[PDB]
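Each remark here refers to the structure printed beneath this line.
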Amino acid sequence: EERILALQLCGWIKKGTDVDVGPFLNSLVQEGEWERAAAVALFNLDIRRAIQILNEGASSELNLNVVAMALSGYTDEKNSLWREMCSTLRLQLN
Amino acid sequence: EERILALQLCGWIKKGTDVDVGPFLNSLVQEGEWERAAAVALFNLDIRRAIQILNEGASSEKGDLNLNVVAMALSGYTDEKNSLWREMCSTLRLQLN
């Protein structure tokens with residue numbers, strides 16, 4: 001309970017035992033912020049909702065669709081090409 | 001021998017048997033078409049060359065934005081039966097310009 005005490009104050013969840021962070025997620029999309037709907041979502045371990053946040057927002061505004069491909073795959077290997085490329089390809093974004 | 005002439009009439013390799021498309025590439029580099037050079041390099045099975053081409057394309061003439069992240073998203077090739085990037089690339093290929 002001490003950890004949910006910190007989560008309620010931050011705003012991840014609402015007053016109540018709702019384990020899903022959906023209320024935050026669905027309030028953010030209607031607020032117009034798309035990235036904050038992606039960072040939080042896959043911080044809850046949802047990588048098919050991860051693309052969904054960027055896919056849903058991609059109809060408005062527009063590079064995130066290409067990032068949706070990059071943000072899809074990852075190999076978790078020891079010398080996979082994704083890991084070497086991504087650590088460098090991060091710092092060039094705003 | 002017949003198929004080695006077609007490549008001399010499609011303008012990919014100059015006259016001679018030194019079949020390794022490198023003189024064609026740099027022309028496309030310093031000609032104004034980076035993406036075409038990246039594709040032509042890819043058809044010769046070298047993705048790191050495509051990354052190098054696309055980095056130079058993004059850095060110069062500003063205009064990187066999406067042309068930047070497209071390099072990273074092309075960096076993630078996979079050969080599984082259920083590779084998520086593979087499924088997405090198959091689905092949404094037609095949304096690019």
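A note on labels: chains of the structure tokens are A, B, ... as shown, every chain counts residues from 1, and ligands are counted from 1 in their shown order.
The list of chain A residues within 8 Å of chain B is residues 62, 63, 64, 66, 67, 69, 70, 71, 72, 73, 74, 81, 82, 85, 86 and 89 of chain A; this uses only C-alpha atoms.
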Excluding residue 28 in chain B and any residue of its chain fewer than 4 positions from it, enumerate the residues within 12 Å of it, using only C-alpha atoms, and give them as a PDB file with N, CA and C atoms, in the first residue's frame.
```pdb
ATOM      1  N   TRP B  12      24.063   0.309 -64.016  1.00  0.00           N
ATOM      2  CA  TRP B  12      24.489   0.046 -62.649  1.00  0.00           C
ATOM      3  C   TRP B  12      25.979  -0.202 -62.518  1.00  0.00           C
ATOM      4  N   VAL B  21      29.136  -2.521 -57.354  1.00  0.00           N
ATOM      5  CA  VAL B  21      28.542  -1.220 -57.629  1.00  0.00           C
ATOM      6  C   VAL B  21      28.975  -0.233 -56.553  1.00  0.00           C
ATOM      7  N   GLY B  22      30.108   0.419 -56.784  1.00  0.00           N
ATOM      8  CA  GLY B  22      30.561   1.488 -55.930  1.00  0.00           C
ATOM      9  C   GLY B  22      30.706   2.835 -56.618  1.00  0.00           C
ATOM     10  N   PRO B  23      31.164   2.860 -57.876  1.00  0.00           N
ATOM     11  CA  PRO B  23      31.178   4.132 -58.614  1.00  0.00           C
ATOM     12  C   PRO B  23      29.799   4.708 -58.862  1.00  0.00           C
ATOM     13  N   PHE B  24      28.772   3.870 -58.972  1.00  0.00           N
ATOM     14  CA  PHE B  24      27.417   4.352 -59.187  1.00  0.00           C
ATOM     15  C   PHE B  24      26.876   4.995 -57.919  1.00  0.00           C
ATOM     16  N   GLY B  32      21.811  14.180 -55.216  1.00  0.00           N
ATOM     17  CA  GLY B  32      20.581  14.717 -54.670  1.00  0.00           C
ATOM     18  C   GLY B  32      19.512  13.686 -54.370  1.00  0.00           C
ATOM     19  N   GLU B  33      19.842  12.402 -54.510  1.00  0.00           N
ATOM     20  CA  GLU B  33      18.886  11.315 -54.293  1.00  0.00           C
ATOM     21  C   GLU B  33      19.514  10.304 -53.339  1.00  0.00           C
ATOM     22  N   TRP B  34      19.372  10.550 -52.036  1.00  0.00           N
ATOM     23  CA  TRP B  34      19.969   9.656 -51.049  1.00  0.00           C
ATOM     24  C   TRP B  34      19.182   8.357 -50.920  1.00  0.00           C
ATOM     25  N   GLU B  35      17.850   8.441 -50.946  1.00  0.00           N
ATOM     26  CA  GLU B  35      17.027   7.253 -50.736  1.00  0.00           C
ATOM     27  C   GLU B  35      17.248   6.221 -51.833  1.00  0.00           C
ATOM     28  N   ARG B  36      17.376   6.675 -53.080  1.00  0.00           N
ATOM     29  CA  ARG B  36      17.622   5.753 -54.180  1.00  0.00           C
ATOM     30  C   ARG B  36      18.950   5.030 -53.999  1.00  0.00           C
ATOM     31  N   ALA B  37      19.980   5.754 -53.559  1.00  0.00           N
ATOM     32  CA  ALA B  37      21.262   5.121 -53.276  1.00  0.00           C
ATOM     33  C   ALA B  37      21.139   4.113 -52.142  1.00  0.00           C
ATOM     34  N   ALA B  38      20.367   4.447 -51.108  1.00  0.00           N
ATOM     35  CA  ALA B  38      20.166   3.506 -50.012  1.00  0.00           C
ATOM     36  C   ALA B  38      19.513   2.224 -50.506  1.00  0.00           C
ATOM     37  N   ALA B  39      18.477   2.351 -51.335  1.00  0.00           N
ATOM     38  CA  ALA B  39      17.812   1.167 -51.874  1.00  0.00           C
ATOM     39  C   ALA B  39      18.757   0.349 -52.743  1.00  0.00           C
ATOM     40  N   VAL B  40      19.508   1.018 -53.622  1.00  0.00           N
ATOM     41  CA  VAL B  40      20.414   0.307 -54.516  1.00  0.00           C
ATOM     42  C   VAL B  40      21.472  -0.435 -53.715  1.00  0.00           C
ATOM     43  N   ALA B  41      21.983   0.194 -52.655  1.00  0.00           N
ATOM     44  CA  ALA B  41      22.907  -0.500 -51.768  1.00  0.00           C
ATOM     45  C   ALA B  41      22.241  -1.701 -51.117  1.00  0.00           C
ATOM     46  N   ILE B  53      24.432   6.075 -45.750  1.00  0.00           N
ATOM     47  CA  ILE B  53      23.849   6.967 -46.748  1.00  0.00           C
ATOM     48  C   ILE B  53      22.784   7.849 -46.115  1.00  0.00           C
ATOM     49  N   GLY B  57      22.345  11.908 -45.650  1.00  0.00           N
ATOM     50  CA  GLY B  57      21.162  12.580 -46.165  1.00  0.00           C
ATOM     51  C   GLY B  57      20.455  13.411 -45.110  1.00  0.00           C
TER      52      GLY B  57
END
```
Can you tell me, as a PyMOL selection string, which residues in chain A count as helix (DSSP H, G or I) by DSSP? chain A and resi 2-10+22-29+36-43+47-57+64-70+81-89
With C-alpha atoms retained, export the selected residues as a short mmCIF file (atom, residue, chain, number, x, y, z; two decimals), in the first residue's frame.
```
data_model
loop_
_atom_site.label_atom_id
_atom_site.label_comp_id
_atom_site.auth_asym_id
_atom_site.auth_seq_id
_atom_site.Cartn_x
_atom_site.Cartn_y
_atom_site.Cartn_z
CA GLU A 2 2.88 2.41 0.64
CA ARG A 3 3.79 2.30 -3.06
CA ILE A 4 0.21 2.92 -4.20
CA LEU A 5 0.34 5.91 -1.87
CA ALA A 6 2.99 7.42 -4.14
CA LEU A 7 1.16 6.37 -7.31
CA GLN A 8 -2.09 8.11 -6.35
CA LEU A 9 -0.38 11.43 -5.67
CA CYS A 10 1.52 11.35 -8.97
CA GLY A 22 -6.33 3.40 -18.40
CA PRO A 23 -8.00 6.49 -16.89
CA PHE A 24 -4.70 8.35 -17.19
CA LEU A 25 -4.17 6.95 -20.69
CA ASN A 26 -7.60 7.91 -22.03
CA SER A 27 -7.58 11.36 -20.43
CA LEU A 28 -4.24 12.13 -22.10
CA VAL A 29 -5.31 11.38 -25.69
CA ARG A 36 2.89 11.16 -22.74
CA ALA A 37 0.36 8.52 -23.78
CA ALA A 38 3.22 6.38 -25.08
CA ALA A 39 5.89 6.77 -22.40
CA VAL A 40 3.43 5.93 -19.62
CA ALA A 41 1.72 3.08 -21.49
CA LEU A 42 4.79 0.99 -22.24
CA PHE A 43 6.10 1.82 -18.79
CA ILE A 47 4.11 -2.90 -26.58
CA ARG A 48 1.06 -3.52 -28.79
CA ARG A 49 -0.62 -0.61 -27.05
CA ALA A 50 2.71 1.19 -27.51
CA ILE A 51 2.27 1.27 -31.29
CA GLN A 52 -1.45 1.88 -30.79
CA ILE A 53 -0.80 5.18 -29.02
CA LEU A 54 1.46 6.33 -31.85
CA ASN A 55 -0.79 4.76 -34.49
CA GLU A 56 -3.93 6.47 -33.19
CA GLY A 57 -2.24 9.86 -33.02
CA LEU A 64 5.94 8.92 -35.38
CA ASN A 65 4.62 6.31 -37.80
CA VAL A 66 8.21 5.53 -38.79
CA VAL A 67 9.19 5.57 -35.11
CA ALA A 68 6.33 3.12 -34.60
CA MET A 69 8.32 0.65 -36.68
CA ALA A 70 11.54 1.41 -34.78
CA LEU A 81 22.18 -4.38 -34.60
CA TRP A 82 19.18 -2.68 -32.98
CA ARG A 83 21.00 -1.96 -29.70
CA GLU A 84 24.11 -0.40 -31.26
CA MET A 85 22.05 1.70 -33.69
CA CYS A 86 19.48 2.90 -31.16
CA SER A 87 21.81 4.17 -28.43
CA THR A 88 23.26 6.59 -30.99
CA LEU A 89 20.02 7.31 -32.87
#
```
